[PDB]
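The structure appears below as structure tokens.
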Amino acid sequence: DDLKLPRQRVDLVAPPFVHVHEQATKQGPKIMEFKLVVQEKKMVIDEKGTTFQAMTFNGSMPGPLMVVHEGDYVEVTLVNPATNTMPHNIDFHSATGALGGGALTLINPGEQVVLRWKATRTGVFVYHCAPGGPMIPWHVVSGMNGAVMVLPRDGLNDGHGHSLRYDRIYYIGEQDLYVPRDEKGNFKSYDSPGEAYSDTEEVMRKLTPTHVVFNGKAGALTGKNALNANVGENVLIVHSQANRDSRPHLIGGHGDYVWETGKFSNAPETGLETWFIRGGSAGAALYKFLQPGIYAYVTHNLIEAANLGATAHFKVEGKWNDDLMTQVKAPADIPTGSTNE
Amino acid sequence: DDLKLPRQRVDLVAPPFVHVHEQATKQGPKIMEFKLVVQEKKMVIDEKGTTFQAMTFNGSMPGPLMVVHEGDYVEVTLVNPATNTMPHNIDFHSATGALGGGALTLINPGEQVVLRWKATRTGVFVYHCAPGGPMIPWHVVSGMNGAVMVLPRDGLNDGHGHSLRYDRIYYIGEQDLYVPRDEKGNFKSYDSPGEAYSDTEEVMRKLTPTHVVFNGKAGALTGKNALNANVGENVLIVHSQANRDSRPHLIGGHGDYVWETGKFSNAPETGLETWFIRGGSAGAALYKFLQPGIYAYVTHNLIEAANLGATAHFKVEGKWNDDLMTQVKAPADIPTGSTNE
Amino acid sequence: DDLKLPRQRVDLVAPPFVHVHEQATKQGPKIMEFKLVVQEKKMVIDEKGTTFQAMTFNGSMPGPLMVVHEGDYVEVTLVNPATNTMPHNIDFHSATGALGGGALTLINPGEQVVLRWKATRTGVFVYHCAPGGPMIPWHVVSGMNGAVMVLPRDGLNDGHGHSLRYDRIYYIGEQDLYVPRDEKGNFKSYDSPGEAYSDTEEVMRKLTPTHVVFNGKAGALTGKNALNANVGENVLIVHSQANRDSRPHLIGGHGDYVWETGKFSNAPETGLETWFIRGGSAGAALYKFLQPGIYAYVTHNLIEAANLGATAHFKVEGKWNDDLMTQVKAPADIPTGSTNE
Ligand SMILES: [Cu+2]
Ligand SMILES: [Cu+2]
Ligand SMILES: [Cu+2]
Ligand SMILES: [Cu+2]
Ligand SMILES: [Cu+2]
Ligand SMILES: [Cu+2]
């Protein structure tokens, strides 16, 4: 029975940015058309230049953020070009049936498939490859995961009948990576994903990542690729982790409104220091910036954040508020008449 | 001062099934009588036939689910037959006092004990053995844990004054196991739990399980022992983990109503993708099936799920709903006029 | 523009105790003055006498609990005596701007600094050292973390317009430690923190602690240093973990009211068995004791609790309530006419 709704093609953009969309809409349901192209390729994952045999949707880790509204249909063309070596598919945690779509989307290199799913559940959700068996974790931890956001048609709210609107949105995809090492402790390089598999599975089995990164590599969102904001902006930070828990924290800020389980039918929590993304989910936090400067956005296992790759920066422009915080006295020598025992 | 209430003897059944019970009841408080028999025995825990020196309540991992109502008294006869080698006891996280009952239930082989506890707290709760000291984790991770559900007398509700009723209930007990390996990496076999202890404690200390299983073994709830349901049924899935965190996910479904901390005085969250069972607790999720077919129920550390044992299946009978999801175009060769870069 | 409020100097006390404070207050905003003195020193961390090159605020692990009210200003003098070897600073997760204060408080040995932050966010919050880069996790897991509580001016409430008042408060700081071992498996000793660093970082990278302790060492809060309470007392248990998740559980009790994300603008959950402290946060639980005796307070990874150090005790005085729990029959030989198969 043909579905007779307007169609809208969406052009995806690379994370941490997000394709243009409306928060609140008075448009009715549409068939929102997306295309995802699998790309297997070697990628650089840390500041020392370590390479890795990655598998991606659309060439990025994470895959791009898709944004639709409650009641939309999402029609995804998944493409597996013949330059790839492996079968792939896609499972939407936002979707109902057929293992999230995985059981309807298995494609060999040289094939494509078209899946439609109704966006009946609001929130942010993981999508990921899941070919079957041990290939499920391996494809996911090789990079084949992203997220989709299903907004209410009226946009976000605080769970107490007040509208919330963001000025800016970023998508932070966190990736646990399992890179083999040689006898001397150095990371091993491989010429294909298949050649990396046996050694990689051994590291995966011990459940300790070698790298934990945002946007696919250590330092991806620091330096010149810091995330911009301004004092007074309400920023939505979507965070996903398809395989492993995370505990996001904005250093020098808070989560004003946080959906840590990521589902907008639930009221957000207020004023959090650190929140929790259960592996296999996306969550989201709003924050209104009150102070200029550098903020570091981390998982608050600080070992993961500083030593395994999992730090991003915000650079925030505006005027410093000395009422909220001030340096009363700059560093100075301890007074000779001081005690301090 | 004798407690003068009606007595009701309950016959426990092996997980993942649950003894017969009422959801809502107009019966008053009763003394609900249960018997648990400790059994130490070698068990098979994975598809390659690895054996393990297990310690169980009632012969199963997990121990059986007990179901009572708020205000009932629970009178448990714990039996430690003389064929066992170790002292045992029981701690109910549902109970108040004496380390959950552990300090009143320590029995040598050849002894039994009778504990009564008042069911003053609603929810699903872990029970486990806890003899003292290092024996506490060892007995628990050897299999000596289960759960108890304390229903409100009016049954479940959504926290907004609406009754929730399940058509079916399953109890998923998740077990982290620590099996020693020899120099060549093969799992070691032992002739008794005591002989396994020193090598097992060394694996336990590194906090990385070798196996993570549902119902006591990899593949326990797949194949012919898949969990049955039908389209339209509201299914309650109780999940426990006595020692280690888990992140349950129903692949192709959702948690319609989830008590991830497991306590029915709290409103459930709605529409979750993945939830979180903190080690040392039970949680519960309701889901109304909307689509037929195979569903995989996992912890969403997919390495744990696919490679360490932690996958169950549901087989759901009914009619496919092409409005919720459809394969618009089956796999086909990528059109020659396609781009895709 | 000078801040013209009354000043109040607070004398900090060593955990698990808490400096004197008011729950509800009709005092207006004050400038609450605290001093923290960094101390680098070797400390004993387990029952076998293992030593560790620790770095502390005020000589303790955790650092002391600070208590203020919403709207207060907190003026902290941080002192780094010249006997220390390292630069240090402080990041308050309660504060807004400048990386929580870290970017305004970096002091060399021989220096002090004065930071003021406005207590605009209610809850319990972590504070920790964070000098930069890999020094951030290393200073934190070396012991440089504590917590601050920002009470509402009206004190705590249940989120449903009812006042909650504690009779007693304890602060449980949980510390993950990473102690190197030699070839034979024995813990290594070092003459300075700098000398320990390279070997310690290698252990940190594998993300598995060697020790998980409350109040700085295994057994700190057992034996003669058990935590006292009485039947009928409402006890607030503040729990922090600056780097790694925890799952607190009071064995033989419950969490009557739990703020597991730790922020008093959110209603607490009721009747929990086990709660979850996300690494990089503090949470809090109220419990009214109903039974006398020993209670064990653990993280409910029981391996961590029994074998890595993470057990505390409460010793509770009062009268046993046989309605809540009773030993119906003491241990006895299994009756000869029993079955039990
Ligand atoms: Cu794939
Ligand atoms: Cu999934
Ligand atoms: Cu036992
Ligand atoms: Cu327990
Ligand atoms: Cu420091
Ligand atoms: Cu921090």
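Here the Cβ is made from the backbone with ideal geometry for all residues, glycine too, and neighbour counts use every protein chain on show. Here, each number is a calculation from the coordinates, and none is a lab measurement.
Which is farthest toward the positive dipole end of segment C:153-319 among C:285, C:310, C:213, measuring Cα position about the Cα centre, with Cβ charges +1 (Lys, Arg) and -1 (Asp, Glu)?
Farthest towards the positive pole: C:285.
So which GluC sites (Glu not before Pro) in segment C:159-225 are both in a DSSP loop and have at most 10 other Cβ atoms within 10 Å of their Cβ? Don't skip to the end; give the middle numbers.
On the way: sites: C:174, C:183, C:195, C:201, C:202; in loops: C:183.
Answer by residue number: C:183.
Which value, in Å to one decimal place, does the Kirkwood hydrodynamic radius take for the protein assembly as shown when every pair of different Cα atoms is included? Please list the in-between numbers first.
Numbers: mean 1/r = 0.0342 Å⁻¹.
Here the Kirkwood hydrodynamic radius works out to 29.3 Å.
Setting aside same-chain residues fewer than 8 positions from residue B:315, which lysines have a Cα under 28 Å from its Cα?
A:118, A:263, B:48, B:217, B:224, B:288, B:329
Scan segment B:1-88 for trypsin sites (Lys or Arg not before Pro) in coil per DSSP, keeping those whose Cβ has at most 15 other Cβ atoms within 10 Å, and list them by number. Please report the intermediate quantities before stating the final value.
Details: sites: B:4, B:7, B:9, B:26, B:30, B:35, B:41, B:42, B:48; in loops: B:4, B:26, B:30, B:48.
For trypsin sites (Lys or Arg not before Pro) across segment B:1-88 that sit outside H, G, I, E and B with at most 15 neighbouring Cβ atoms in 10 Å, the list reads B:4, B:26, B:48.
What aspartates and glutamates does residue C:30 reach when the alpha-carbon gap must be under 19 Å and sequence neighbours fewer than 8 apart in one chain are set aside?
A:322, A:323, C:1, C:2, C:11, C:22, C:70, C:72, C:75, C:154
Averaged over its residues, how many other protein chain Cβ atoms are within 10 Å of peptide A:243-251's Cβ atoms? Display every interim value, and only then the final one.
On the way: counts 7, 6, 8, 2, 9, 2, 7, 2, 10.
What the average comes to for A:243-251 is 6.
Mind running the shape call on segment C:69-189? Use the C-alpha gyration tensor, a ≥ b ≥ c as the square roots of the eigenvalues: rounded below 1.5 for a/c, prolate if a/b tops b/c, oblate otherwise. Please report the intermediate quantities before stating the final value.
Values: a/c = 2.79, a/b = 1.48, b/c = 1.88.
Verdict is oblate for segment C:69-189.
Cα extents of segment A:153-319 along the three principal axes, largest first, in whole Å?
Cα spread of segment A:153-319 along its principal axes, largest to smallest: 57, 36, 24 Å.
Kindly give the distances from residue B:202 to its copy-mates, label point to label point, with each label point 7 Å from Cα along Cα→Cβ, as nm values to one decimal ordered shortest first.
1.9, 1.9
Using unit Cβ charges (K, R positive; D, E negative) and no other charged atoms, how large, in debye to the nearest 20, is the dipole of chain B about its Cα centre? Present the calculation step by step, with values, prior to reporting the outcome.
Details: 30 positive and 37 negative charges, 115 e Å.
It comes to approximately 560 debye.
Under the rule of -39500 (n - 2.57) per DSSP H run of 4 or more residues, summed and divided by the residues of the protein assembly as shown, what mean residue ellipticity at 222 nm is obtained, to the nearest 500 deg cm²/dmol?
On the way: 6 runs with 60 residues, N = 1023.
Dividing the helical sum by the residues of the protein assembly as shown leaves -1500 deg cm²/dmol.
Per-residue mean of other chain beta-carbon atoms within 10 angstrom of the beta-carbon, peptide A:287-294? If you can, show how the numbers build up before the last one.
Details: counts 0, 0, 2, 3, 4, 2, 4, 3.
Across A:287-294, the average partner-chain Cβ count within 10 Å equals 2.
Along the Cα-to-Cβ line of residue C:9, 7 Å from the Cα, sits a label point; which residues in segment C:27-61 have backbone N less than 18 Å from it?
Counting only backbone N, you get C:30-38, C:58.
Shortest first and in nm with one decimal, please list how far the residue A:159 label point sits from its counterparts in the other copies (point 7 Å along Cα→Cβ).
Those separations, rounded to one decimal, come out as 0.7, 0.7 nm.
Sort chain C into rounded, prolate or oblate with this rule: let a ≥ b ≥ c be the square roots of the eigenvalues of the Cα gyration tensor; rounded if a/c is under 1.5, and if a/c is not under 1.5, prolate when a/b is larger than b/c, oblate otherwise. Walk me through the intermediate numbers first.
On the way: a/c = 2.32, a/b = 1.23, b/c = 1.90.
Oblate shape, in that a/c is at least 1.5 and b/c is the bigger or equal ratio.
For segment C:63-178, give the magnitude of the charge dipole about the Cα centre (Cβ charges: +1 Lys/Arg, -1 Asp/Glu; no others), in debye to the nearest 20.
On the way: 6 positive and 10 negative charges, 29 e Å.
The calculation lands at about 140 debye.
Are there any GluC sites (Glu not before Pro) in segment C:36-89 that are in a DSSP loop and have at most 12 other Cβ atoms within 10 Å? List them by number.
On the way: sites: C:40, C:47, C:70, C:75; in loops: C:47, C:70.
Filter output for segment C:36-89: C:47.
In 10 Å bins starting at 0, how do the alpha-carbon pair distances of segment B:1-152 split up by percent?
Bin by bin from 0 Å, the calculated values are 11, 42, 33, 12, 2, 0.
Order of B:149, C:135, A:86 from fewest to most other C-beta atoms within 10 Å?
Working: B:149 25, C:135 18, A:86 21.
Fewest-to-most Cβ neighbours within 10 Å comes out as C:135, A:86, B:149.
Using a cut-off of 9 Å between beta-carbons, work out the net charge of the residues near residue A:31 (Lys and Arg +1, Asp and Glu -1, residue A:31 not included).
Values: positive: A:7, A:30, A:116; negative: A:33, A:72, A:75.
Local charge sum for residue A:31: 0.
What order do you get for C:171, C:257, B:197 when you list them from fewest to most C-beta neighbours inside 10 Å? Walk me through the numbers on the way to the answer.
Numbers: C:171 29, C:257 23, B:197 18.
Ascending number of Cβ neighbours within 10 Å: B:197, C:257, C:171.
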